file final_38.cif (mmCIF, N, CA and C atoms)
data_my_file
loop_
_atom_site.label_atom_id
_atom_site.label_comp_id
_atom_site.auth_asym_id
_atom_site.auth_seq_id
_atom_site.Cartn_x
_atom_site.Cartn_y
_atom_site.Cartn_z
N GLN F 1 -22.95 12.26 -3.25
CA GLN F 1 -24.28 12.89 -3.30
C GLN F 1 -24.28 14.33 -2.79
N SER F 2 -25.47 14.87 -2.52
CA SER F 2 -25.64 16.23 -2.04
C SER F 2 -25.27 16.21 -0.56
N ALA F 3 -24.31 17.07 -0.21
CA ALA F 3 -23.71 17.22 1.11
C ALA F 3 -22.76 16.04 1.23
N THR F 4 -21.71 16.07 0.39
CA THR F 4 -20.69 15.03 0.28
C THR F 4 -19.52 15.37 1.21
N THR F 5 -18.95 14.36 1.88
CA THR F 5 -17.84 14.54 2.80
C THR F 5 -16.69 13.63 2.37
N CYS F 6 -15.53 14.25 2.11
CA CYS F 6 -14.30 13.59 1.70
C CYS F 6 -13.39 13.52 2.93
N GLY F 7 -13.67 12.56 3.81
CA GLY F 7 -12.94 12.32 5.04
C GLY F 7 -13.23 13.44 6.04
N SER F 8 -12.34 14.42 6.10
CA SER F 8 -12.43 15.59 6.97
C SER F 8 -12.94 16.79 6.18
N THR F 9 -12.47 16.94 4.93
CA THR F 9 -12.83 18.03 4.05
C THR F 9 -14.27 17.85 3.56
N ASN F 10 -15.21 18.52 4.23
CA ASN F 10 -16.63 18.47 3.92
C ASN F 10 -16.97 19.38 2.74
N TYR F 11 -18.07 19.07 2.04
CA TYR F 11 -18.54 19.83 0.89
C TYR F 11 -20.07 19.88 0.87
N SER F 12 -20.60 21.11 0.92
CA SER F 12 -22.01 21.43 0.90
C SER F 12 -22.66 20.94 -0.38
N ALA F 13 -23.98 20.78 -0.34
CA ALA F 13 -24.74 20.39 -1.52
C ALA F 13 -24.52 21.49 -2.57
N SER F 14 -24.05 22.67 -2.13
CA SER F 14 -23.76 23.81 -2.98
C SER F 14 -22.43 23.56 -3.70
N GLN F 15 -21.42 23.06 -2.98
CA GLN F 15 -20.10 22.75 -3.51
C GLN F 15 -20.16 21.61 -4.52
N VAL F 16 -20.88 20.55 -4.16
CA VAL F 16 -21.08 19.36 -4.98
C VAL F 16 -21.72 19.79 -6.30
N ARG F 17 -22.82 20.53 -6.20
CA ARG F 17 -23.62 21.02 -7.32
C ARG F 17 -22.90 22.07 -8.16
N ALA F 18 -22.03 22.90 -7.56
CA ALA F 18 -21.32 23.93 -8.30
C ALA F 18 -20.35 23.29 -9.29
N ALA F 19 -19.41 22.51 -8.74
CA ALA F 19 -18.40 21.83 -9.53
C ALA F 19 -19.02 20.82 -10.49
N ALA F 20 -20.17 20.23 -10.13
CA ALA F 20 -20.84 19.27 -10.99
C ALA F 20 -21.52 19.95 -12.16
N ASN F 21 -22.34 20.98 -11.90
CA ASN F 21 -22.99 21.70 -12.98
C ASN F 21 -21.91 22.32 -13.89
N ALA F 22 -20.67 22.47 -13.37
CA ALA F 22 -19.60 23.07 -14.14
C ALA F 22 -19.14 22.09 -15.21
N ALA F 23 -18.44 20.99 -14.85
CA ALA F 23 -18.02 20.02 -15.86
C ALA F 23 -19.21 19.49 -16.67
N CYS F 24 -20.42 19.42 -16.09
CA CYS F 24 -21.58 18.96 -16.83
C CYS F 24 -21.76 19.84 -18.07
N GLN F 25 -21.62 21.17 -17.91
CA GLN F 25 -21.74 22.14 -19.00
C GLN F 25 -20.39 22.56 -19.61
N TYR F 26 -19.25 21.98 -19.20
CA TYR F 26 -17.93 22.33 -19.76
C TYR F 26 -17.11 21.14 -20.29
N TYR F 27 -17.49 19.90 -19.99
CA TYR F 27 -16.77 18.70 -20.40
C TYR F 27 -16.95 18.38 -21.88
N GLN F 28 -18.20 18.28 -22.35
CA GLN F 28 -18.48 17.92 -23.73
C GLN F 28 -19.61 18.78 -24.34
N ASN F 29 -19.68 20.05 -23.92
CA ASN F 29 -20.68 20.99 -24.42
C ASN F 29 -20.28 21.42 -25.84
N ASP F 30 -19.14 22.11 -25.95
CA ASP F 30 -18.49 22.63 -27.15
C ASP F 30 -17.24 23.42 -26.74
N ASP F 31 -16.53 22.92 -25.72
CA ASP F 31 -15.34 23.51 -25.13
C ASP F 31 -14.79 22.56 -24.05
N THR F 32 -13.80 23.04 -23.29
CA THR F 32 -13.12 22.36 -22.20
C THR F 32 -13.26 23.20 -20.92
N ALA F 33 -12.90 24.49 -21.00
CA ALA F 33 -12.94 25.47 -19.92
C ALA F 33 -12.39 24.91 -18.61
N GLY F 34 -11.18 24.41 -18.75
CA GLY F 34 -10.38 23.78 -17.71
C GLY F 34 -8.89 24.01 -17.94
N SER F 35 -8.08 23.46 -17.02
CA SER F 35 -6.63 23.58 -17.05
C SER F 35 -6.07 22.93 -18.32
N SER F 36 -6.21 21.61 -18.43
CA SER F 36 -5.76 20.82 -19.57
C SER F 36 -6.43 19.45 -19.51
N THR F 37 -6.09 18.66 -18.49
CA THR F 37 -6.62 17.32 -18.27
C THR F 37 -7.61 17.30 -17.11
N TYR F 38 -8.34 18.41 -16.88
CA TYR F 38 -9.35 18.56 -15.84
C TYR F 38 -10.19 19.80 -16.17
N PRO F 39 -11.44 19.67 -16.67
CA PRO F 39 -12.15 18.44 -16.96
C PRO F 39 -11.50 17.60 -18.06
N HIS F 40 -11.79 16.30 -18.04
CA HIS F 40 -11.31 15.30 -18.98
C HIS F 40 -12.04 13.98 -18.72
N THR F 41 -11.89 13.03 -19.65
CA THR F 41 -12.49 11.72 -19.54
C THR F 41 -11.82 10.95 -18.40
N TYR F 42 -12.56 10.03 -17.77
CA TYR F 42 -12.02 9.24 -16.68
C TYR F 42 -11.18 8.10 -17.26
N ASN F 43 -9.86 8.22 -17.04
CA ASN F 43 -8.77 7.34 -17.42
C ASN F 43 -9.18 5.96 -17.96
N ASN F 44 -9.30 4.96 -17.07
CA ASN F 44 -9.65 3.55 -17.26
C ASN F 44 -8.81 2.74 -16.27
N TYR F 45 -7.49 2.94 -16.32
CA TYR F 45 -6.51 2.26 -15.49
C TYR F 45 -6.83 2.49 -14.01
N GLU F 46 -6.99 1.40 -13.26
CA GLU F 46 -7.34 1.41 -11.84
C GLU F 46 -8.72 2.05 -11.68
N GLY F 47 -9.72 1.46 -12.35
CA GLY F 47 -11.10 1.92 -12.35
C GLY F 47 -11.71 1.79 -10.95
N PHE F 48 -11.98 2.93 -10.31
CA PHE F 48 -12.54 2.98 -8.97
C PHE F 48 -14.07 2.80 -9.01
N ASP F 49 -14.69 2.60 -7.84
CA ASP F 49 -16.12 2.37 -7.68
C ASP F 49 -16.98 3.61 -7.95
N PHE F 50 -18.01 3.44 -8.78
CA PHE F 50 -18.99 4.45 -9.17
C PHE F 50 -20.20 3.76 -9.79
N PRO F 51 -21.43 3.92 -9.25
CA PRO F 51 -22.63 3.33 -9.83
C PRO F 51 -22.94 3.95 -11.21
N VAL F 52 -24.16 3.72 -11.71
CA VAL F 52 -24.64 4.23 -12.99
C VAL F 52 -24.06 3.41 -14.14
N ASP F 53 -23.02 3.91 -14.84
CA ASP F 53 -22.42 3.20 -15.96
C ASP F 53 -21.09 3.83 -16.38
N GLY F 54 -21.15 5.05 -16.92
CA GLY F 54 -20.01 5.82 -17.41
C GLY F 54 -20.10 5.97 -18.93
N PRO F 55 -19.07 6.51 -19.61
CA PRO F 55 -17.83 7.02 -19.04
C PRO F 55 -18.09 8.22 -18.12
N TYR F 56 -17.08 8.54 -17.30
CA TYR F 56 -17.13 9.62 -16.33
C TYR F 56 -16.20 10.76 -16.72
N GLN F 57 -16.29 11.86 -15.97
CA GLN F 57 -15.52 13.08 -16.16
C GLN F 57 -15.11 13.62 -14.79
N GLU F 58 -13.82 13.94 -14.63
CA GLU F 58 -13.31 14.44 -13.35
C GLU F 58 -13.28 15.96 -13.27
N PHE F 59 -13.19 16.47 -12.04
CA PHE F 59 -13.10 17.90 -11.73
C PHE F 59 -12.52 18.00 -10.33
N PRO F 60 -11.24 18.39 -10.15
CA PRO F 60 -10.66 18.47 -8.84
C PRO F 60 -11.23 19.68 -8.09
N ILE F 61 -11.88 19.44 -6.94
CA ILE F 61 -12.51 20.48 -6.13
C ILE F 61 -11.52 21.17 -5.21
N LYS F 62 -12.16 22.03 -4.44
CA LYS F 62 -11.61 22.90 -3.41
C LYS F 62 -12.70 23.36 -2.44
N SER F 63 -12.27 23.85 -1.27
CA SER F 63 -13.11 24.32 -0.18
C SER F 63 -13.66 25.73 -0.44
N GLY F 64 -14.36 25.88 -1.57
CA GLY F 64 -15.00 27.12 -2.00
C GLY F 64 -14.51 27.58 -3.36
N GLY F 65 -14.72 26.77 -4.41
CA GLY F 65 -14.31 27.14 -5.76
C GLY F 65 -14.02 25.94 -6.66
N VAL F 66 -14.45 26.06 -7.93
CA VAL F 66 -14.27 25.10 -9.00
C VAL F 66 -13.09 25.59 -9.86
N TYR F 67 -12.44 24.69 -10.62
CA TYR F 67 -11.30 25.01 -11.47
C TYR F 67 -10.13 25.47 -10.59
N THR F 68 -9.52 24.48 -9.92
CA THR F 68 -8.40 24.66 -9.00
C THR F 68 -7.33 23.60 -9.28
N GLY F 69 -6.34 23.48 -8.39
CA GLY F 69 -5.22 22.55 -8.49
C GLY F 69 -5.65 21.10 -8.71
N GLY F 70 -5.13 20.50 -9.79
CA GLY F 70 -5.37 19.13 -10.21
C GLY F 70 -4.03 18.40 -10.19
N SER F 71 -3.79 17.62 -9.13
CA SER F 71 -2.56 16.86 -8.91
C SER F 71 -1.39 17.83 -8.73
N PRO F 72 -1.12 18.34 -7.51
CA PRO F 72 -1.76 17.99 -6.24
C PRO F 72 -3.15 18.61 -6.10
N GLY F 73 -3.92 18.08 -5.14
CA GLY F 73 -5.27 18.51 -4.82
C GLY F 73 -5.88 17.54 -3.81
N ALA F 74 -5.93 16.26 -4.21
CA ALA F 74 -6.44 15.10 -3.49
C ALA F 74 -7.93 14.99 -3.75
N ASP F 75 -8.67 15.96 -3.22
CA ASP F 75 -10.12 16.06 -3.27
C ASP F 75 -10.65 16.40 -4.67
N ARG F 76 -11.48 15.49 -5.21
CA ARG F 76 -12.08 15.58 -6.53
C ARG F 76 -13.52 15.08 -6.54
N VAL F 77 -14.33 15.69 -7.41
CA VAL F 77 -15.72 15.32 -7.64
C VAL F 77 -15.71 14.78 -9.06
N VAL F 78 -16.52 13.75 -9.31
CA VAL F 78 -16.57 13.09 -10.61
C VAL F 78 -18.02 12.75 -10.99
N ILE F 79 -18.42 13.19 -12.20
CA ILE F 79 -19.76 13.03 -12.79
C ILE F 79 -19.74 11.98 -13.91
N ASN F 80 -20.94 11.67 -14.43
CA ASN F 80 -21.20 10.75 -15.53
C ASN F 80 -21.24 11.62 -16.79
N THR F 81 -21.24 11.00 -17.98
CA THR F 81 -21.24 11.72 -19.24
C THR F 81 -22.55 12.36 -19.70
N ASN F 82 -23.12 13.17 -18.81
CA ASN F 82 -24.32 13.92 -19.04
C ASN F 82 -24.28 15.02 -17.99
N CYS F 83 -24.75 14.66 -16.79
CA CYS F 83 -24.84 15.53 -15.62
C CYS F 83 -25.02 14.77 -14.29
N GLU F 84 -25.07 13.43 -14.28
CA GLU F 84 -25.31 12.65 -13.06
C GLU F 84 -24.07 12.47 -12.19
N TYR F 85 -24.05 13.11 -11.01
CA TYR F 85 -22.96 13.03 -10.06
C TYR F 85 -22.77 11.57 -9.62
N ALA F 86 -21.65 10.96 -10.02
CA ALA F 86 -21.31 9.57 -9.73
C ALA F 86 -20.77 9.41 -8.31
N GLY F 87 -19.95 10.36 -7.86
CA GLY F 87 -19.37 10.35 -6.53
C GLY F 87 -18.03 11.08 -6.52
N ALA F 88 -17.51 11.34 -5.31
CA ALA F 88 -16.24 12.01 -5.11
C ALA F 88 -15.20 11.04 -4.57
N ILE F 89 -13.94 11.37 -4.86
CA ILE F 89 -12.75 10.61 -4.47
C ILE F 89 -11.75 11.58 -3.85
N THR F 90 -10.80 11.09 -3.03
CA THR F 90 -9.84 11.97 -2.38
C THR F 90 -8.55 11.32 -1.88
N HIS F 91 -7.40 12.01 -2.06
CA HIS F 91 -6.12 11.54 -1.52
C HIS F 91 -6.02 12.02 -0.04
N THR F 92 -7.07 11.86 0.78
CA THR F 92 -7.07 12.33 2.17
C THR F 92 -6.07 11.64 3.10
N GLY F 93 -5.90 10.32 2.94
CA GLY F 93 -4.99 9.48 3.71
C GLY F 93 -4.45 8.45 2.73
N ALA F 94 -3.85 8.97 1.66
CA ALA F 94 -3.29 8.23 0.55
C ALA F 94 -1.77 8.18 0.47
N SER F 95 -1.08 9.07 1.18
CA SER F 95 0.37 9.18 1.15
C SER F 95 0.76 9.60 -0.28
N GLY F 96 -0.10 10.44 -0.89
CA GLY F 96 0.02 10.97 -2.24
C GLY F 96 -0.24 9.93 -3.34
N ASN F 97 -0.96 8.83 -3.05
CA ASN F 97 -1.22 7.79 -4.04
C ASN F 97 -2.58 7.09 -3.88
N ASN F 98 -2.74 6.28 -2.83
CA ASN F 98 -3.93 5.49 -2.52
C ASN F 98 -5.20 6.32 -2.34
N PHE F 99 -6.05 6.37 -3.37
CA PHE F 99 -7.28 7.15 -3.36
C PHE F 99 -8.35 6.40 -2.57
N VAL F 100 -9.14 7.16 -1.80
CA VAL F 100 -10.26 6.64 -1.02
C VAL F 100 -11.51 7.35 -1.52
N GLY F 101 -12.66 6.77 -1.23
CA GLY F 101 -13.95 7.29 -1.67
C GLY F 101 -14.55 8.26 -0.66
N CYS F 102 -15.50 9.08 -1.13
CA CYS F 102 -16.21 10.07 -0.33
C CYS F 102 -17.71 9.76 -0.30
N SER F 103 -18.40 10.31 0.71
CA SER F 103 -19.83 10.17 0.94
C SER F 103 -20.39 8.75 0.77
N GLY F 104 -20.03 7.85 1.69
CA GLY F 104 -20.50 6.47 1.70
C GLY F 104 -19.75 5.54 0.75
N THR F 105 -18.82 6.07 -0.05
CA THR F 105 -18.04 5.27 -0.98
C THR F 105 -16.86 4.67 -0.22
N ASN F 106 -16.94 3.37 0.08
CA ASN F 106 -15.93 2.60 0.79
C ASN F 106 -15.62 3.22 2.16
#
call {"tool": "encode", "arguments": {"input": "final_38.cif", "output": "structure tokens"}}
result
Amino acid sequence: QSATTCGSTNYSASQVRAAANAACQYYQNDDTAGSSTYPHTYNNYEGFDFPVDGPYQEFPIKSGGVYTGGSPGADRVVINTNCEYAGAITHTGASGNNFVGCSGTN
């Protein structure tokens, strides 16, 4: 949600909304405006927790900027296929694998 916290790496309602309004208007508008596989559709394999319905779209965040490192990165924000922010995920204490949820997610 607005003012989302990914373990230690906090994100303002401004950060959440910046990266979200970005893929919202860059995922399926009439372009990609991303690296390659970010923005992109949410995989399927090892489907993590997110309310609403889906499909979803990922966007790996950063501590002040959208369109940054996607694997490595850890910290990511993920929206629904319109504009509804589903929630954020992060490799904060994953050992480069085990993803945990952000802002009340697990």
call {"tool": "atom_distance", "arguments": {"input": "final_38.cif", "atom1": "atom CA of residue 83 of chain F", "atom2": "atom C of residue 63 of chain F"}}
result
21.4 Å
call {"tool": "axis_aligned_box", "arguments": {"input": "final_38.cif", "around": "segment 5-16 of chain F", "padding_each_side": "4 Å", "output": "lines of an AutoDock Vina configuration file"}}
result
center_x = -18.5
center_y = 18.1
center_z = 0.3
size_x = 20.4
size_y = 19.5
size_z = 21.3
call {"tool": "select_by_dssp", "arguments": {"input": "final_38.cif", "residues": "segment 3-102 of chain F", "states": "alpha helix (DSSP H)", "output": "list in words"}}
result
residues 13, 14, 15, 16, 17, 18, 19, 20, 21, 22, 23, 24, 25 and 26 of chain F
call {"tool": "resolve_selection", "arguments": {"input": "final_38.cif", "expression": "the PyMOL selection byres (((chain F and resi 57 and name CA) around 12) and name CA)", "output": "PyMOL selection string"}}
result
chain F and resi 19-28+32+34+37-44+50+54-56+58-60+76-88
call {"tool": "residues_around", "arguments": {"input": "final_38.cif", "residues": "residue 89 of chain F", "least_positions_apart": "6", "cutoff": "8 Å", "atoms": "all atoms listed in the file", "output": "list in words"}}
result
residues 6, 7, 74, 75, 76, 77, 78, 99, 100, 101, 102 and 103 of chain F
call {"tool": "atom_distance", "arguments": {"input": "final_38.cif", "atom1": "atom N of residue 35 of chain F", "atom2": "atom CA of residue 67 of chain F"}}
result
6.6 Å
call {"tool": "select_by_dssp", "arguments": {"input": "final_38.cif", "residues": "segment 4-106 of chain F", "states": "strand (DSSP E)", "output": "PyMOL selection string"}}
result
chain F and resi 4-6+9-11+40-41+56-60+76-80+85-90+100-101
call {"tool": "write_last_selection", "arguments": {"input": "final_38.cif", "atoms": "N, CA and C atoms", "output": "compact mmCIF listing (two decimals), in the coordinates of the input"}}
result
# COMPACT_ATOMS: atom_id res chain seq x y z
N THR F 4 -21.71 16.07 0.39
CA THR F 4 -20.69 15.03 0.28
C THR F 4 -19.52 15.37 1.21
N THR F 5 -18.95 14.36 1.88
CA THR F 5 -17.84 14.54 2.80
C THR F 5 -16.69 13.63 2.37
N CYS F 6 -15.53 14.25 2.11
CA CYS F 6 -14.30 13.59 1.70
C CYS F 6 -13.39 13.52 2.93
N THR F 9 -12.47 16.94 4.93
CA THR F 9 -12.83 18.03 4.05
C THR F 9 -14.27 17.85 3.56
N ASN F 10 -15.21 18.52 4.23
CA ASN F 10 -16.63 18.47 3.92
C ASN F 10 -16.97 19.38 2.74
N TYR F 11 -18.07 19.07 2.04
CA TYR F 11 -18.54 19.83 0.89
C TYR F 11 -20.07 19.88 0.87
N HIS F 40 -11.79 16.30 -18.04
CA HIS F 40 -11.31 15.30 -18.98
C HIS F 40 -12.04 13.98 -18.72
N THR F 41 -11.89 13.03 -19.65
CA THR F 41 -12.49 11.72 -19.54
C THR F 41 -11.82 10.95 -18.40
N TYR F 56 -17.08 8.54 -17.30
CA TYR F 56 -17.13 9.62 -16.33
C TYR F 56 -16.20 10.76 -16.72
N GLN F 57 -16.29 11.86 -15.97
CA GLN F 57 -15.52 13.08 -16.16
C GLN F 57 -15.11 13.62 -14.79
N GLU F 58 -13.82 13.94 -14.63
CA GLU F 58 -13.31 14.44 -13.35
C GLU F 58 -13.28 15.96 -13.27
N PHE F 59 -13.19 16.47 -12.04
CA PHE F 59 -13.10 17.90 -11.73
C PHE F 59 -12.52 18.00 -10.33
N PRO F 60 -11.24 18.39 -10.15
CA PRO F 60 -10.66 18.47 -8.84
C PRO F 60 -11.23 19.68 -8.09
N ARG F 76 -11.48 15.49 -5.21
CA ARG F 76 -12.08 15.58 -6.53
C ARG F 76 -13.52 15.08 -6.54
N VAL F 77 -14.33 15.69 -7.41
CA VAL F 77 -15.72 15.32 -7.64
C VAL F 77 -15.71 14.78 -9.06
N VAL F 78 -16.52 13.75 -9.31
CA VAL F 78 -16.57 13.09 -10.61
C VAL F 78 -18.02 12.75 -10.99
N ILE F 79 -18.42 13.19 -12.20
CA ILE F 79 -19.76 13.03 -12.79
C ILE F 79 -19.74 11.98 -13.91
N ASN F 80 -20.94 11.67 -14.43
CA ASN F 80 -21.20 10.75 -15.53
C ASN F 80 -21.24 11.62 -16.79
N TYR F 85 -24.05 13.11 -11.01
CA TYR F 85 -22.96 13.03 -10.06
C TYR F 85 -22.77 11.57 -9.62
N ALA F 86 -21.65 10.96 -10.02
CA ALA F 86 -21.31 9.57 -9.73
C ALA F 86 -20.77 9.41 -8.31
N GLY F 87 -19.95 10.36 -7.86
CA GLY F 87 -19.37 10.35 -6.53
C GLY F 87 -18.03 11.08 -6.52
N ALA F 88 -17.51 11.34 -5.31
CA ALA F 88 -16.24 12.01 -5.11
C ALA F 88 -15.20 11.04 -4.57
N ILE F 89 -13.94 11.37 -4.86
CA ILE F 89 -12.75 10.61 -4.47
C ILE F 89 -11.75 11.58 -3.85
N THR F 90 -10.80 11.09 -3.03
CA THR F 90 -9.84 11.97 -2.38
C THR F 90 -8.55 11.32 -1.88
N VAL F 100 -9.14 7.16 -1.80
CA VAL F 100 -10.26 6.64 -1.02
C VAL F 100 -11.51 7.35 -1.52
N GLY F 101 -12.66 6.77 -1.23
CA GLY F 101 -13.95 7.29 -1.67
C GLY F 101 -14.55 8.26 -0.66
call {"tool": "closest_residue", "arguments": {"input": "final_38.cif", "among": "F:52, F:73, F:104, F:36", "to": "residue 91 of chain F", "atoms": "all atoms listed in the file"}}
result
F:73
call {"tool": "residues_near_point", "arguments": {"input": "final_38.cif", "point": "(-19.7, 20.2, -2.2)", "cutoff": "9 Å", "atoms": "only C-alpha atoms", "output": "MDAnalysis selection string"}}
result
chainID F and resid 1:5 10:20 61:64 77
call {"tool": "atom_distance", "arguments": {"input": "final_38.cif", "atom1": "atom CA of residue 94 of chain F", "atom2": "atom CA of residue 72 of chain F"}}
result
12.0 Å
call {"tool": "closest_residue", "arguments": {"input": "final_38.cif", "among": "F:29, F:8, F:95, F:105", "to": "residue 48 of chain F", "atoms": "only C-alpha atoms"}}
result
F:105
